[PDB]
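Asker: what would the 3D arrangement of this be:
(9 chains, ligands or ions: 8)
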Amino acid sequence: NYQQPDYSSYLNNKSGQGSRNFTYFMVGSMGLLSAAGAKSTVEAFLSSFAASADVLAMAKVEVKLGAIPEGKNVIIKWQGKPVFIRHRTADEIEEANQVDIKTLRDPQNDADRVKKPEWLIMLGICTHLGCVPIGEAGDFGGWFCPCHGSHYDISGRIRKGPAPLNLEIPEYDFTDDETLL
Amino acid sequence: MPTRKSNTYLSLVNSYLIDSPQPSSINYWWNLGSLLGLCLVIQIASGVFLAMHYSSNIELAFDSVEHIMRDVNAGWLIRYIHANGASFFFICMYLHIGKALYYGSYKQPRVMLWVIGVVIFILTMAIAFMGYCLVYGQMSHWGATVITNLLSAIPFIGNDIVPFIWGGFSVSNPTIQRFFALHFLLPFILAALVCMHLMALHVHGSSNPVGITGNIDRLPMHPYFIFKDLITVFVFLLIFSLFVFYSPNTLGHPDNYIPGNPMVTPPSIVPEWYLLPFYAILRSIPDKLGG
Amino acid sequence: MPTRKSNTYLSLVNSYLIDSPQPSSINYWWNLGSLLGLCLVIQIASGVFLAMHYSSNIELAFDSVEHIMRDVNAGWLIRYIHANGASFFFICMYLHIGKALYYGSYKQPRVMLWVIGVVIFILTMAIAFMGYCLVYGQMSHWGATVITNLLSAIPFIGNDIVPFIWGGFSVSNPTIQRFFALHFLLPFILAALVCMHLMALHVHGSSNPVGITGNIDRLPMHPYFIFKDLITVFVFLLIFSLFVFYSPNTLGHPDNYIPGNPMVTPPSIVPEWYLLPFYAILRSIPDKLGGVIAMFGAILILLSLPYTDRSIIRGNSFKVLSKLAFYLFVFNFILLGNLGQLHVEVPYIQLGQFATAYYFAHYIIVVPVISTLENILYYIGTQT
Amino acid sequence: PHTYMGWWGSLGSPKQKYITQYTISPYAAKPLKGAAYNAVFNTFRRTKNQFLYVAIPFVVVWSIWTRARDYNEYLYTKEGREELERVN
Amino acid sequence: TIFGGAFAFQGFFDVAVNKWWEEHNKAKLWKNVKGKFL
Amino acid sequence: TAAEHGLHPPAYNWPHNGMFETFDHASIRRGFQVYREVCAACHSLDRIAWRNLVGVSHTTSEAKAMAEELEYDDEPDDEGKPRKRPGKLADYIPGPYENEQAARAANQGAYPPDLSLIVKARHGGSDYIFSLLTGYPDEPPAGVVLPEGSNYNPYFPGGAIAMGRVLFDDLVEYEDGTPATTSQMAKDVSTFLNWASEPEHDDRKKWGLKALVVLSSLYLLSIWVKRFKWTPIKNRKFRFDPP
Amino acid sequence: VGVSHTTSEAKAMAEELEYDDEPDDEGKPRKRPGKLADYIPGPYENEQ
Amino acid sequence: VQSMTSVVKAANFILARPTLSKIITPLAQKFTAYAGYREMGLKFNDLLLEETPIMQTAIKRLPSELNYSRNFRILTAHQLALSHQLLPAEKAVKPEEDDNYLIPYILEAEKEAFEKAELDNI
Amino acid sequence: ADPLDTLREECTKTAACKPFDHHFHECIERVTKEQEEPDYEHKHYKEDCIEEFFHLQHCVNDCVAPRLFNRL
Ligand code: HEC
Ligand code: HEM
Ligand code: HEM
Ligand code: HEM
Ligand code: HEM
Ligand SMILES: Cc1cccc2c(-c3cc(C(F)(F)F)ccc3F)nn(Cc3nnn(C)n3)c12
Ligand SMILES: Cc1cccc2c(-c3cc(C(F)(F)F)ccc3F)nn(Cc3nnn(C)n3)c12
Ligand code: FES
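Answerer: Numbering: from 1, shown residues only, chains lettered A, B, ... in the order given. Ligands and ions are numbered 1, 2, ... in the order given. Pasting the structure now:
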């Protein structure tokens, strides 16, 4: 058509498919560095949602244990959820002695559900629609879930109702007249 | 050009409210949309006038609400307006969706609109529930507990996501503060989805009862459908006044006026009326994840 | 039609960010706008993540802030991001307005835009102040007291409006709760004003340094100006990281970390740095009513700037006297801000009065006179 | 909508038939052709051209500020005390 | 798909910065100082 | 006035000053010891809990022992029987005085401010504290008048301060063998108080380093990509050939 | 006041009771006559 | 904002008197030279604010050759500002080429507008 | 002797600090003489050495601050 301006000096010295490959390299590096920075920022912000140091410190709080009437169910406030510390007498232990491999959504026994019959620890929160069970309305003799009428066994096993599992046992250890979470 | 069409903002207001070519055959069921908008507005207004007196702290939440009721001038009026306006917002939305289903407004041309609408609905419930948790009544606390526990059903992330949302090992002050913040915000994200819904509507226009093209006979939204909107708005406000003044607590649950304590479980943990249809499903399905 | 142009939402995003025809000659000063948006976004984000742990109650406010700093994971980071991002938001806004004045983006076609911008500016400070009152430090409390007392100067309604805003007979728990609610909201009303500003811009497009029609050579916003915005965003975030991590409290005032008590008055009740130029005027004018009127006029006269600018040429890049006057105005503004933080000493009070006088004289004399003289000089120069 | 800027098809620009534009695919051009020479020579040229308009107002304002600050410092020192009483 | 490279960059920069920071601040950290106060 | 504004403290080259420098946690432990031994008499540190010391200046066992030494107001048996309990890591360090007038009357009307935030709440921060603790001259400048129960310290605004010099030489026996000079104790206390006001200091600067590295990489890449994308427009030429 | 009792009557009933006054910040606890703004006391200080 | 008619009237008001012309004309020439627009390939008229109905009308009535030359000058100025480089003195717009080509059309448009306003105001 | 006292009392003898120290001594002796007279208690204004003391302290601080912490 006409004489184009001379770009000789502006032309690159590098290969036709090579320079675009290098452009891809740096554009992708920018994208992935930006992704890493965004990941760091988003993780840092969402970490604020997690339990603050205050809540972590407050949890794992020991409970003032000691002598209490046998068979009486004490109540605590470890980690918000009620803790149904019960000093079940030897009668409850004997009743739990009856093994149950069937007719129980989760076969278990006091061997694992309690360290010693004189001090039984079990979270009162139910399984389906976690609620505080009644300490004496249980159809099986233990706790009862009023929301659905579920019955909690003396060993904490779910006997009847919409219970998805058995009465969870907190991770509380025992010591000399003390509760060591 | 008339000033309502040259100026960009008046141009938009004209395109949406003045010269918007609505079908002539649309009956009163098409006025729910604007009604919902009004509801949102009023809710936000009430909400703001509650935030100036509500305290997000768990120990001060319910006491601050009672302070609004008993000590703040017109605080009872604003509190009841907000509470009953949530229920009325959901009544209008249920009638809105019912009209959409009956008159087939969900079909091809407005499928996009449909999906935004659906999102709004979900978002709205995920704003209503949160609001109900702010009062920290017995029902509020136990509903928060139940919902967060149900969230744990997810296999891979459900074990630790629940403390993440709680801010602790159970519903406590971090949870209520978090819900207050997210609940003040999510209606304002929802105000953006409402605008998106309006644009997805405006692209193809609104349907009509006959289920045929409205292009044969369109009328400007003003004055005809503006005044129809005023009729429905005054009817809505009259019924809303009935509930707010003469029977405010009928829609709510009495147990929510009991200060919440995790150690006592109410005999019946149940949502407000307009979440009942969904919660029923949650009760019916055995598996929590399935529920 | 490409999907980015058929879909309504993608159509809008395209019209604003992808094929928005920006002038090719716009330099980096035109990237501040997007920067400001980012700032707003980050502020909102930080703000939300502060609302989740902040307590509006007066007795719990400062203690809750310290809870955020000391106990909440990344709480210090979010708190400092918010605090320093307020200052950075105002730095970007001041450079924004300086660019608008220098390159004459306030002239006829975008006067509407200008007006909206002015409103935003006012709103922004009436959100910043509110936020500063939330921490309820000594400076927070006494600034709230000073401002609310100044509002009492209105004759007919000033006697009883002050309790109305307070919620009581002095700054107390109702005041802090009210400020918390209004401060969480007003930024979201400002997010709407930002959209309005963007549409007022889009109607006529953006100006250019040369001050001539950009229609001869337009380029799509993407990729060119998207990547220029990325450069300025990374520079802004790098300087923001400098301040947030390595020197966060320099922009703030130490006294704000003292729990506020009405009984003890700090030796110097002074706003943060970016309110200083306005507060200086408030200090200079004797009358309280006159003081507040002049303080708000110092902003509103920007609305009169387009009509007082009788120049037939957009911008100052080619205008010797206009550039000189604008730079002298900028340095006078900096001097006014500097005087804002100093005590009321003799030379400082007279210099503050003179600085306010010249600040207003700029708009109401210099721009008219200089613009007319420069039009005459241009024509009488090229006439030969 | 007589907006002084339109969309791409009609940006409002006048007829410009006799102008031709030329560019090389960036896939073929140097990114740093002028960077080294620009950052020094061109930046110094811009700074030198724009200097006076920044300097003269800055010199004036900073001289006034220095005078005011020095006067205030003199006032609050002992030798100025009497004049501080005289001026106030 | 992108998350892989982002996580790789995050981990790499984190480990490198942590090692350099610990080495440069060695004497001033609690871990190295506790032994003296034992 | 020079006196009212208070003498500007000099900028000491703190071991923790500088972008990449962290606190000298040995100095933090020394400062905590000095505070507990001396400043605990006057000033409280309410916003610092024993839990914060773990991994900073004291092993978990050490902080546990210190907390167990103290008696804290236990939640009384809700039958209204008040009782005390051994302290836990989560308990905040107690102050010498239950409430303000106890301090003021004990301190001739002046209230020893909480030191949990003093570094952030004073111009110059650590420099100010270090200078103030060592600022008391042996003899006050001639001509000044000190009210009863007051001491002169130029770094204090107004010159007159209620506290008399407390960091006398060889006061505390450092458990690490470092000399307990007044300057050394002042430095340790200033570092400890700076940590108290900025506990996130170490993590803050480390996160700042990470952010600067990442953002600088992004910034350089963005410069390269922008000059890249703009080469076609930067190199653009024109010709205009009318008849 | 204005609901079931004249201001004087409520004033007298409040003054009959003793309320926990803000102790002199020297830690000296004391009681004060009740004011109209004081909330009616319960029979028990606490739950147990 | 200021009407081109008003500025032309003021310029003629000055130029009619050598007492002021001999003083200002050198200053005006130096100001235009220092204005820096010539080195970008622009003439004075190119700087005028186009976004005004009078200015748009004046531009529309511009002859084809002048319009194309103006378009090229504006494009060159945009390219130079974009590339942060300036034409040398050889390629710069010499003072004598600042021909004020657009002033007559702007003045015609201003006269038409003023006549309209004056006639409809009676 | 703590490092701080050593640094202060050795910087006080530098020619940079010498004029300030001499001025401080002159001012303290002058103010003592002025306070000696009976009217010293009645004079509305009484001379103070705060300014000279501040100057000397600034001069010694600007010399010791970059030095002290190397000793500690
Ligand atoms: C006994 C009395 C002490 C002791 C042993 C300490 N402090 Fe002090 N201090 C004290 C009072 C009553 C006051 C109030 C003075 C006033 O004018 O209000 C102070 C002051 C401080 C300050 C505040 C300085 C300021 O705000 O400008 C700081 C900081 C401070 N003191 C520090 C401090 C340190 C490091 C101590 C270590 C042992 C210490 N104090 C002990 C009372 C007393
Ligand atoms: C929540 C606030 C809402 C606002 C502000 C709003 C707004 C509107 C308005 C004004 C209309 C036109 C008039 C009318 O239909 O009443 C409309 C139409 C429609 N809306 Fe909504 N609406 C809301 C809720 C919803 C929701 C949650 C859905 C979910 C499905 C929905 C589905 C629809 C449909 C399908 C149409 C089309 C109706 C037709 O074409 O006839 N609406 N919307
Ligand atoms: C779609 C929008 C919203 C819906 C549907 C909604 C719904 C609700 C509901 C159902 C309740 C329960 C009240 C009760 O049980 O009596 C509630 C309470 C509350 N909401 Fe909202 N809300 C919305 C927006 C907002 C906004 C915008 C705010 C603040 C700006 C807010 C703040 C509150 C507060 C403070 C309470 C408790 C205060 C009280 O009852 O005294 N909500 N909300
Ligand atoms: C343009 C938007 C905003 C600006 C310019 C702004 C400005 C400020 C400023 C200057 C402070 C003082 C902080 C200090 O002195 O250290 C502050 C504090 C605060 N602002 Fe914002 N703010 C904005 C939006 C928001 C939003 C959206 C929220 C909540 C969602 C919020 C909540 C807070 C809170 C809670 C504080 C005090 C919390 C703390 O410092 O620990 N602000 N704001
Ligand atoms: C506060 C948030 C703001 C946002 C999100 C925003 C957004 C924008 C953007 C993206 C632009 C185009 C690019 C640029 O100019 O940098 C612009 C232009 C402009 N802005 Fe803003 N801006 C803000 C603040 C302001 C304010 C407070 C003013 C008050 C005067 C203002 C005055 C202007 C003007 C005059 C223009 C036209 C510039 C031109 O045409 O060259 N901006 N705005
Ligand atoms: C009190 C209560 C009990 C059981 C369930 C709920 C719910 C609820 C919430 C959601 C959603 F995930 F959307 F949050 C979904 C389904 C539900 F059943 N909410 N609530 C309190 C309430 N009910 N109605 N409101 C205005 N709040 C319950
Ligand atoms: C601490 C303080 C003292 C004096 C004035 C102020 C202001 C202030 C507020 C307004 C506005 F009416 F807009 F509210 C206007 C002018 C002002 F001088 N504000 N503050 C606290 C502060 N300063 N900077 N921030 C982010 N908050 C003061
Ligand atoms: S009570 Fe709902 S399932 Fe146990």
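
Asker: please enumerate the helices of chain E.
Answerer: For chain E, the helices defined by DSSP state H cover E:3-24, E:30-37.

Asker: show me what the longest one is in contact with.
Answerer: By that I understand helix E:3-24. A:28, A:32-33, A:35-36, A:38-40, E:29, F:20, F:22, F:206, F:209-210, F:213-214 (Cβ atoms under 8 Å, 6 or more residues apart in numbering or on different chains). Just so you know, the C-beta spots here come from the backbone N, C-alpha and C atoms, and that holds for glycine as well.

Asker: next one: the shortest one
Answerer: When contacts are taken as Cβ under 8 Å, 6+ apart, the neighbours of helix E:30-37 outside the stretch itself are E:26, E:27, F:25, F:26, F:29, F:55, F:56, F:57, F:59, F:175, F:176.

Asker: need the contact list for the residue in chain A that chain I sits nearest to.
Answerer: Per Cβ to the nearest Cβ, residue A:53 is where chain A lies closest to chain I, at 32.3 Å. Applying Cβ under 8 Å, 6+ apart to residue A:53 gives the contacts C:70, C:71, C:72, C:73, F:51.

Asker: what's the closest of those residues to ligand 5?
Answerer: Minimum distance to ligand 5 across the contacts of residue A:53 is 28.6 Å, recorded for residue C:72 (Cβ to the nearest ligand atom).

Asker: where helices are concerned, which of the contacts of residue A:53 count?
Answerer: C:70, F:51.

Asker: tell me the most packed of the contacts of residue A:53, by neighbour count.
Answerer: Counting neighbours by other Cβ atoms under 10 Å in any protein chain shown, residue C:72 comes out on top of these with 27 neighbours.

Asker: contacts for stretch D:73-88, please.
Answerer: C:345, C:346, C:347, F:1, F:2, I:45, I:47, I:48, I:51.

Asker: mind listing the strands for the chain?
Answerer: Chain wasn't specified; assuming chain A. A:144-145, A:150-152, A:158-160, A:173-175, A:178-180 (DSSP state E).

Asker: please go with chain F instead
Answerer: F:71-73, F:84-86, F:151-152, F:160-161, F:237-240.

Asker: strand partners (parallel or antiparallel) of the first one?
Answerer: Which is strand F:71-73. strand F:84-86 (antiparallel) (DSSP bridges).

Asker: residues touching the partner strand, excluding its own?
Answerer: So strand F:84-86 is contacted by F:67, F:68, F:70, F:71, F:72, F:73, F:74 (Cβ under 8 Å, 6+ apart).

Asker: between the residues you listed, which sits nearest chain A?
Answerer: For the contacts of strand F:84-86, the nearest to chain A is residue F:74 (9.2 Å; Cβ to the nearest Cβ).

Asker: give me the number of residues near that closest one?
Answerer: Residue F:74: 12 surrounding residues under other Cβ under 10 Å.

Asker: what do you get for the one 4 residues further on?
Answerer: Residue crowding around residue F:78 was assessed by other Cβ under 10 Å; the count is 10.

Asker: what about it, distance to residue G:45?
Answerer: With distances taken as Cβ to Cβ, to the nearest Å, residue F:78 is found 10 Å from residue G:45.

Asker: in contact with residue 61, which residues?
Answerer: Since you didn't name a chain, this refers to chain A. Contacts of residue A:61 by Cβ under 8 Å, 6+ apart are A:78, A:79, A:181.

Asker: let's do chain D instead
Answerer: By Cβ under 8 Å, 6+ apart, the contact set of residue D:61 is C:328, C:331, C:332, C:334, C:335.

Asker: residue A:70: neighbouring residues, count only.
Answerer: Residue A:70, neighbours per other Cβ under 10 Å, totals 14.

Asker: quick check: closest non-adjacent residue to it.
Answerer: Distances taken as Cβ to Cβ, 6 or more residues apart in numbering or on different chains put residue A:89 closest to residue A:70, at 3.9 Å, once the chain neighbours are dropped.

Asker: for chain I, give the residue positioned nearest to ligand 6.
Answerer: Counting by Cβ to the nearest ligand atom, chain I gets nearest ligand 6 through residue I:69, at 58.3 Å.

Asker: so that residue sits against residue F:14, correct?
Answerer: Yes: counting by Cβ atoms under 8 Å, residue F:14 is a contact partner of residue I:69 at 7.0 Å.

Asker: what about the lengthiest helix in chain H, near chain F?
Answerer: For chain H, the helix reaching the highest residue count under DSSP H is reported as helix H:64-83. Yes: contact of helix H:64-83 with chain F is found when judged by Cβ under 8 Å from any Cβ of the partner chain, involving H:65, H:68, H:69, H:72, H:75, H:76, H:79, H:82, H:83.

Asker: closest to chain G among the residues you listed?
Answerer: Checking these against chain G with Cβ to the nearest Cβ, the nearest one is residue H:82 at 70.4 Å.

Asker: separation between that closest one and residue B:26?
Answerer: According to Cβ to Cβ, residue H:82 stands 53 Å off from residue B:26.

Asker: residue A:78 now?
Answerer: For residue A:78, the distance to residue B:26 - Cβ to Cβ - is 60 Å.

Asker: go on, residue E:25?
Answerer: 72 Å.

Asker: enumerate every residue touching the closest residue to residue B:75 other than its chain neighbours.
Answerer: Spatial nearest neighbour of residue B:75, chain neighbours left out: residue B:68 (3.8 Å); criterion: Cβ to Cβ, 6+ apart. Contacts for residue B:68 (Cβ under 8 Å, 6+ apart) come out as B:50, B:53, B:54, B:75, B:76, B:78, B:79.

Asker: wait, doesn't the fourth one sit right on residue B:69?
Answerer: Yes: using Cβ under 8 Å, residue B:75 makes contact with residue B:69 at a distance of 5.8 Å.

Asker: now the phi/psi pair for residue I:17, please.
Answerer: Note on residue I:17: its backbone torsions stand at phi -90, psi -20 [degrees, to the nearest 10].

Asker: quick one: contacts for the nearest residue to residue A:7 once chain neighbours are set aside?
Answerer: Once flanking residues are discounted, residue A:7 sits nearest to residue D:24: 5.5 Å by Cβ to Cβ, 6+ apart. Counting by Cβ under 8 Å, 6+ apart, residue D:24 touches A:7, A:10, A:11, F:231, F:232, F:235.

Asker: got the buried residues for the longest helix belonging to chain A?
Answerer: Taking DSSP H as the criterion, chain A has its longest helix at helix A:16-49. The neighbour-count check on helix A:16-49 (16 or more other Cβ atoms under 10 Å in any protein chain shown) flags A:19, A:23, A:29-30, A:32-37, A:40-41, A:44-45, A:48-49 as buried.

Asker: intersect those residues with the contacts of ligand 8.
Answerer: Among these, no residue sits close to ligand 8 (Cβ under 6 Å from any ligand atom).

Asker: returning to what we had before: need the max-distance pair from the contacts of helix E:3-24.
Answerer: The two members of these with the most space between them (Cβ to Cβ) are A:28 and E:29, at 36.9 Å.

Asker: any idea how far residue E:22 lies from residue B:22?
Answerer: Counting by Cβ to Cβ, the gap from residue E:22 to residue B:22 is 69 Å.
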